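One structure below.
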Amino acid sequence: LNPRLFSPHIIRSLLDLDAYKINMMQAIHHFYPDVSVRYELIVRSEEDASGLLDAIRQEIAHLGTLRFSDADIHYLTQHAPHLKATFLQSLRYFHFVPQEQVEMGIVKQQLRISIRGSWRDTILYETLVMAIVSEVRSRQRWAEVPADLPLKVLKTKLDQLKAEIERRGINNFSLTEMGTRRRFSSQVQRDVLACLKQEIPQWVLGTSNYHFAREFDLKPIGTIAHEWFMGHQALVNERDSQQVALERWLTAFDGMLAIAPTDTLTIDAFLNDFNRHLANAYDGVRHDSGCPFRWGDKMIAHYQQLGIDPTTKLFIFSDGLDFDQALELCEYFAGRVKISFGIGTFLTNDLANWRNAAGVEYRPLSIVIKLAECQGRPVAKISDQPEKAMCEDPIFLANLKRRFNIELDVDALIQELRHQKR
């Protein structure tokens with residue numbers, strides 16, 4: 001393997017993950033120490049996945065050997081001050097048990113990985129497993145990519161970004177790097193962050209990766225993931241789930257950054273839960289599905305109805321962005337609200353359609369994870385793109401929609417019930 005494309009280690013430390021995973025681990029440690037969960041990951045559209053499965057197993061097994069070092073803990077003590085000393089002391093002994101927590105196999109072809117255990121002990125797997133599957137695929141299938149290509153591609157985009165910012169007089173572009181989970185490799189992410197820091201420091205709000213926040217002295221940014229809201233569907237009554245999850249984030253920490261996603265259910269359900277006390281306490285909200293213009297306008301109107309000045313709140317846009325989409329959003333929201341763009345794939349896994357020797361255009365690995373179950377009960381995400389609703393139990397999902405007055409397609413449900421019985 002080419003040392004300019006791939007470092008010796010895929011996972012760099014137990015801080016080499018999205019910061020919100022550790023942060024949410026604190027909240028789960030505090031409130032839900034005996035709650036169990038099951039996550040499901042599916043890798044699609046890779047022929048003979050039989051072949052990735054060997055090196056993935058080895059890497060996943062290797063997680064069982066990782067530990068938090070005193071230096072990792074010292075780093076969080078200083079740079080993540082809303083983490084409780086008691087929680088950080090408990091990390092000193094923490095490790096994974098992957099032979100108990102992780103199963104994987106081929107289902108006929110896709111690669112399926114199932115992660116089961118306590119919520120506190122399994123929550124950190126998600127981005128580590130996604131980064132591993134991504135990078136193993138890179139090593140195995142895209143090893144001949146020219147080592148200088150990823151940075152050439154980024155440099156060209158950064159030139160065009162700067163040029164458009166100058167031309168259009170945009171003064172509100174802000175970038176939050178969030179490409180750990182689908183990076184081409186940890187080396188490529190490392191170089192990408194180094195380059196951003198060198199080229200556009202004035203526009204980098206920070207990175208979700210704790211390890212690279214350390215390495216480059218960048219601010220670590222977390223937003224709360226959907227799984228916190230989805231898990232509450234099992235822990236309280238479904239109708240109270242989103243509201244309780246909003247409240248409990250605030251009581252988990254003195255002053256942790258509080259940015260809520262709005263589409264675990266729908267924007268209307270979110271607005272009905274996001275009362276004046278919650279809207280003032282939260283620093284802002286994250287957009288992840290559906291039209292960002294309509295979303296942001298609706299959120300602004302909500303703040304204004306509640307007498308909150310939206311220019312004091314932050315919108316993080318994170319729905320598959322590129323820089324031209326981001327600049328459009330900059331113009332539309334200028335003067336009205338604070339903004340930043342949480343960008344993943346476009347930053348850390350973009351080879352500009354580079355073709356291999358056989359002429360195949362490069363695309364990132366298609367990979368999804370979901371929280372499937374909590375306390376042995378189903379949980380679901382609906383979102384503002386309904387076609388993307390996800391639940392293993394179609395009766396649960398139908399009931400959850402009914403409790404939130406979300407339109408239910410009965411004919412589709414009947415087909416889903418008949419399918420499941422077979």
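In the structure tokens, chains take letters A, B, ... by order of appearance, with residues numbered from 1 within each chain and ligands from 1 in the order shown.
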
*Could you tell me, as number ranges by chain, which residues of range 166-335 of chain A DSSP assigns to alpha helix (DSSP H) when given the backbone?*
A: 166-168, 186-199, 210-216, 226-235, 241-252, 267-273, 276-281, 292-305, 323-333

*Can you list every residue in range 169-373 of chain A that DSSP puts in strand (DSSP E), as a PyMOL selection string?*
chain A and resi 175-177+204-207+259-261+284-287+314-317+338-343+366-373

Residues from last step as file, N, CA and C atoms, as a short mmCIF file (atom, residue, chain, number, x, y, z; two decimals), in the first residue's frame:
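Contents of out11.cif, as written:
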data_model
loop_
_atom_site.label_atom_id
_atom_site.label_comp_id
_atom_site.auth_asym_id
_atom_site.auth_seq_id
_atom_site.Cartn_x
_atom_site.Cartn_y
_atom_site.Cartn_z
N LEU A 175 -17.50 26.48 7.39
CA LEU A 175 -17.39 25.06 7.03
C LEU A 175 -17.14 24.26 8.31
N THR A 176 -17.94 23.22 8.54
CA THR A 176 -17.65 22.29 9.62
C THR A 176 -17.31 20.94 8.99
N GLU A 177 -16.10 20.47 9.20
CA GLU A 177 -15.73 19.23 8.53
C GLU A 177 -16.37 18.03 9.24
N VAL A 204 -13.13 27.98 8.57
CA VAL A 204 -13.32 26.66 9.16
C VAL A 204 -13.85 26.84 10.60
N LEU A 205 -15.11 26.48 10.86
CA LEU A 205 -15.67 26.56 12.22
C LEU A 205 -15.03 25.49 13.10
N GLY A 206 -14.80 24.32 12.52
CA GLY A 206 -14.11 23.23 13.25
C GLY A 206 -14.32 21.89 12.52
N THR A 207 -14.18 20.80 13.27
CA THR A 207 -14.31 19.44 12.70
C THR A 207 -15.04 18.59 13.71
N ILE A 259 -27.23 21.45 19.40
CA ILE A 259 -27.81 21.67 18.06
C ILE A 259 -28.68 20.47 17.75
N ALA A 260 -30.01 20.67 17.61
CA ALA A 260 -30.96 19.52 17.37
C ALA A 260 -31.21 19.25 15.91
N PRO A 261 -31.15 17.98 15.48
CA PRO A 261 -31.77 17.70 14.19
C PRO A 261 -33.30 17.80 14.26
N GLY A 284 -29.17 26.02 18.35
CA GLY A 284 -29.64 26.02 16.97
C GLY A 284 -30.10 24.64 16.55
N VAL A 285 -30.23 24.46 15.25
CA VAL A 285 -30.81 23.24 14.69
C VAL A 285 -30.02 22.81 13.44
N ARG A 286 -30.19 21.56 13.06
CA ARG A 286 -29.45 21.00 11.90
C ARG A 286 -30.44 20.57 10.83
N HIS A 287 -30.11 20.88 9.58
CA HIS A 287 -30.94 20.45 8.44
C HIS A 287 -30.33 19.23 7.82
N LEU A 314 -28.00 29.19 15.34
CA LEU A 314 -27.12 28.65 14.31
C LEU A 314 -27.86 27.55 13.54
N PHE A 315 -27.83 27.61 12.21
CA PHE A 315 -28.32 26.49 11.38
C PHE A 315 -27.11 25.75 10.84
N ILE A 316 -27.03 24.45 11.07
CA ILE A 316 -25.99 23.62 10.40
C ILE A 316 -26.73 22.88 9.29
N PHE A 317 -26.32 23.13 8.05
CA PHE A 317 -26.85 22.40 6.88
C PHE A 317 -25.90 21.21 6.62
N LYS A 338 -27.42 32.67 11.82
CA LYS A 338 -26.02 32.25 11.67
C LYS A 338 -26.03 30.89 10.99
N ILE A 339 -25.01 30.61 10.16
CA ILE A 339 -24.99 29.36 9.47
C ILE A 339 -23.60 28.72 9.43
N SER A 340 -23.61 27.40 9.25
CA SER A 340 -22.40 26.69 8.91
C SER A 340 -22.80 25.45 8.09
N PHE A 341 -21.85 24.95 7.28
CA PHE A 341 -22.12 23.78 6.41
C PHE A 341 -21.34 22.57 6.88
N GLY A 342 -22.06 21.52 7.31
CA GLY A 342 -21.43 20.31 7.76
C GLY A 342 -21.25 19.41 6.56
N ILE A 343 -20.02 19.31 6.06
CA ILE A 343 -19.75 18.55 4.82
C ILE A 343 -18.87 17.30 5.06
N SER A 366 -21.25 2.91 -0.71
CA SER A 366 -22.62 3.20 -0.26
C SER A 366 -22.77 2.46 1.05
N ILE A 367 -22.98 3.19 2.11
CA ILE A 367 -23.09 2.53 3.43
C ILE A 367 -24.00 3.29 4.36
N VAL A 368 -24.87 2.53 5.02
CA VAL A 368 -25.82 3.13 5.90
C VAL A 368 -25.81 2.41 7.23
N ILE A 369 -26.04 3.16 8.27
CA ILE A 369 -26.27 2.56 9.55
C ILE A 369 -27.61 3.05 10.12
N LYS A 370 -28.23 2.20 10.92
CA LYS A 370 -29.37 2.63 11.66
C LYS A 370 -29.42 2.00 13.03
N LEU A 371 -29.96 2.78 13.98
CA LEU A 371 -30.38 2.22 15.26
C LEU A 371 -31.68 1.48 14.98
N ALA A 372 -31.68 0.18 15.22
CA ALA A 372 -32.82 -0.67 14.85
C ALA A 372 -33.74 -0.86 16.05
N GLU A 373 -33.17 -0.89 17.25
CA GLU A 373 -33.90 -1.41 18.39
C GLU A 373 -33.28 -0.83 19.67
#

_Could you tell me how far CA of residue 365 in chain A sits from CA of residue 52 in chain A, in Å to one decimal place?_
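Computing the Euclidean distance for CA of residue 52 in chain A and CA of residue 365 in chain A yields 11.8 Å.
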
List as a tab-separated table (two decimals) with N, CA and C atoms, in the first residue's frame the protein and nucleic acid residues near residue 332 in chain A, meaning an atom at most 12 Å away when only C-alpha atoms are counted, but skip any in the same chain fewer than 2 places from it.
chain	number	residue	atom	x	y	z
A	170	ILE	N	-19.63	37.38	-0.63
A	170	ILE	CA	-20.20	36.53	0.42
A	170	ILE	C	-19.34	36.62	1.70
A	172	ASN	N	-20.41	35.18	4.81
A	172	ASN	CA	-20.97	34.25	5.82
A	172	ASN	C	-20.71	32.76	5.51
A	173	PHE	N	-19.72	32.49	4.64
A	173	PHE	CA	-19.38	31.07	4.40
A	173	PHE	C	-18.65	30.52	5.65
A	292	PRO	N	-33.68	22.76	1.86
A	292	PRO	CA	-33.08	23.58	2.94
A	292	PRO	C	-33.65	25.00	3.01
A	293	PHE	N	-34.08	25.52	1.87
A	293	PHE	CA	-34.66	26.89	1.85
A	293	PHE	C	-35.98	26.99	2.64
A	294	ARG	N	-36.91	26.12	2.30
A	294	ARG	CA	-38.18	25.99	3.02
A	294	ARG	C	-37.96	25.68	4.52
A	296	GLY	N	-35.24	26.34	6.41
A	296	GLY	CA	-34.62	27.44	7.16
A	296	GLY	C	-35.66	28.53	7.33
A	297	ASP	N	-36.50	28.75	6.28
A	297	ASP	CA	-37.51	29.84	6.38
A	297	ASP	C	-38.49	29.48	7.50
A	325	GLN	N	-23.68	24.46	-3.67
A	325	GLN	CA	-24.90	24.46	-2.84
A	325	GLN	C	-24.74	25.39	-1.57
A	326	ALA	N	-23.57	25.34	-0.97
A	326	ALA	CA	-23.33	26.07	0.27
A	326	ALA	C	-23.40	27.57	-0.04
A	327	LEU	N	-22.76	27.99	-1.15
A	327	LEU	CA	-22.76	29.45	-1.47
A	327	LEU	C	-24.16	29.97	-1.73
A	328	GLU	N	-24.98	29.17	-2.40
A	328	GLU	CA	-26.39	29.52	-2.62
A	328	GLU	C	-27.13	29.73	-1.29
A	329	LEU	N	-26.87	28.85	-0.34
A	329	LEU	CA	-27.49	28.95	0.99
A	329	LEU	C	-26.96	30.18	1.71
A	330	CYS	N	-25.65	30.48	1.52
A	330	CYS	CA	-25.06	31.72	2.12
A	330	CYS	C	-25.84	32.97	1.70
A	334	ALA	N	-28.14	35.17	4.35
A	334	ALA	CA	-27.29	36.28	4.78
A	334	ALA	C	-28.13	37.29	5.56
A	335	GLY	N	-27.63	37.67	6.73
A	335	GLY	CA	-28.30	38.66	7.59
A	335	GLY	C	-29.48	38.15	8.41
A	336	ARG	N	-29.88	36.88	8.23
A	336	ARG	CA	-31.08	36.42	8.82
A	336	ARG	C	-30.85	35.40	9.97
A	337	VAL	N	-29.69	34.74	9.98
A	337	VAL	CA	-29.48	33.62	10.91
A	337	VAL	C	-28.03	33.26	10.79
A	338	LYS	N	-27.42	32.67	11.82
A	338	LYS	CA	-26.02	32.25	11.67
A	338	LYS	C	-26.03	30.89	10.99
A	339	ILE	N	-25.01	30.61	10.16
A	339	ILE	CA	-24.99	29.36	9.47
A	339	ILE	C	-23.60	28.72	9.43

*asked:* Restricting the calculation to only C-alpha atoms: of A:312, A:216, A:106, A:89, which residue gets closest to residue 77 in chain A?
replied: A:89

_Distance in Å - CA of residue 375 in chain A versus CA of residue 399 in chain A_ = 18.1 Å

Which residues, written as a PDB file with C-alpha atoms, in the first residue's frame, have at least one atom at most 8 Å from residue 266 in chain A, with only C-alpha atoms counted and residues fewer than 2 positions away on the same chain left out?
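That gives us around_32.pdb:
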ATOM      1  CA  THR A 262     -35.365  18.417  13.197  1.00  0.00           C
ATOM      2  CA  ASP A 263     -36.257  15.465  11.049  1.00  0.00           C
ATOM      3  CA  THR A 264     -36.287  12.368  13.235  1.00  0.00           C
ATOM      4  CA  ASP A 268     -44.207  19.891  12.002  1.00  0.00           C
ATOM      5  CA  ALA A 269     -43.655  17.413  14.879  1.00  0.00           C
ATOM      6  CA  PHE A 270     -40.375  19.107  15.699  1.00  0.00           C
ATOM      7  CA  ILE A 382     -39.289   9.111   9.394  1.00  0.00           C
ATOM      8  CA  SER A 383     -37.652  12.403   8.175  1.00  0.00           C
ATOM      9  CA  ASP A 384     -38.849  15.150   5.820  1.00  0.00           C
TER      10      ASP A 384
END

_Given only C-alpha atoms as the counted atoms, nearest of A:231, A:222, A:394, A:146 to residue 4 in chain A_ = A:146

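Among the candidates A:111, A:248, A:105, A:58, the one nearest to residue 30 in chain A when counting only C-alpha atoms is A:248.
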
*Between CA of residue 283 in chain A and CA of residue 258 in chain A, measure the distance and give it in Å to one decimal.*
5.4 Å

I'd like a table as a Markdown table: residues in range 16-37 of chain A with an atom no more than 7 Å from range 117-125 of chain A, each row giving the shortest atom pair and its distance in Å to one decimal, only C-alpha atoms counted, sorted by chain and rising residue number.
| residue | atom | partner | partner_atom | distance |
| --- | --- | --- | --- | --- |
| A:21 | CA | A:124 | CA | 5.7 |
| A:22 | CA | A:124 | CA | 6.8 |
| A:25 | CA | A:120 | CA | 5.5 |
| A:28 | CA | A:120 | CA | 5.8 |
| A:29 | CA | A:120 | CA | 5.9 |
| A:33 | CA | A:120 | CA | 6.5 |
| A:34 | CA | A:118 | CA | 6.4 |
| A:35 | CA | A:118 | CA | 5.7 |
| A:36 | CA | A:118 | CA | 4.0 |
| A:37 | CA | A:119 | CA | 5.4 |

Go ahead and save the residues from that selection, with C-alpha atoms, as a compact mmCIF listing (two decimals), in the first residue's frame.
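Writing done, so here's selection_37.txt:
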# COMPACT_ATOMS: atom_id res chain seq x y z
CA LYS A 21 -20.57 9.90 19.83
CA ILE A 22 -18.46 10.45 22.92
CA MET A 25 -22.02 8.40 25.44
CA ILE A 28 -26.32 7.65 27.99
CA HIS A 29 -23.81 6.90 30.83
CA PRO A 33 -26.54 2.91 31.92
CA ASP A 34 -28.53 -0.39 31.57
CA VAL A 35 -30.33 0.35 28.27
CA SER A 36 -29.46 -2.05 25.41
CA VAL A 37 -29.56 -1.40 21.64

*Which is closest to residue 182 in chain A among A:203, A:142, A:346, A:362, if we use only C-alpha atoms?*
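Smallest distance to residue 182 in chain A is found for A:346.
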
*asked:* Give me the residues near residue 353 in chain A as an NGL selection string, where near means some atom within 8 Å (using only C-alpha atoms) and where sequence neighbours in that chain fewer than 3 positions away do not count.
replied: :A and (350 or 361-363)
